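Encoded as structure tokens, the structure appears first; notes follow it.
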Amino acid sequence: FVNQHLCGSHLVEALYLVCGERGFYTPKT
Amino acid sequence: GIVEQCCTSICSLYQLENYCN
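If you read the protein sequences in the order shown, they are chains B and A. Sequential numbering from 1 applies to the first sequence in the deposited numbering. Sequential numbering from 1 applies to the second sequence in the deposited numbering.
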């Protein structure tokens, strides 16, 4: 996989796209 | 929590699946 972990911008982009532009982009740690 | 969780527990598919929000 790309397995480089995901934070802020990447994290949100990442799931958004796969299953996130359903709730996503405001991830409070 | 959950976000740092993705930022450190290799955040991939399964993550997304169990994260979908």
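Beta carbons: idealized from backbone N, C-alpha and C, even for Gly.
{"Asked": "Where A:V3 falls: helix, strand or coil (DSSP)", "Found": "helix"}
{"Asked": "Sub-8 Å separation of B:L15 and A:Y19 beta-carbons", "Found": "yes"}
{"Asked": "Outcome for B:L11 when other beta-carbon atoms lying within 10 angstroms are tallied against a minimum of 16", "Found": "buried"}
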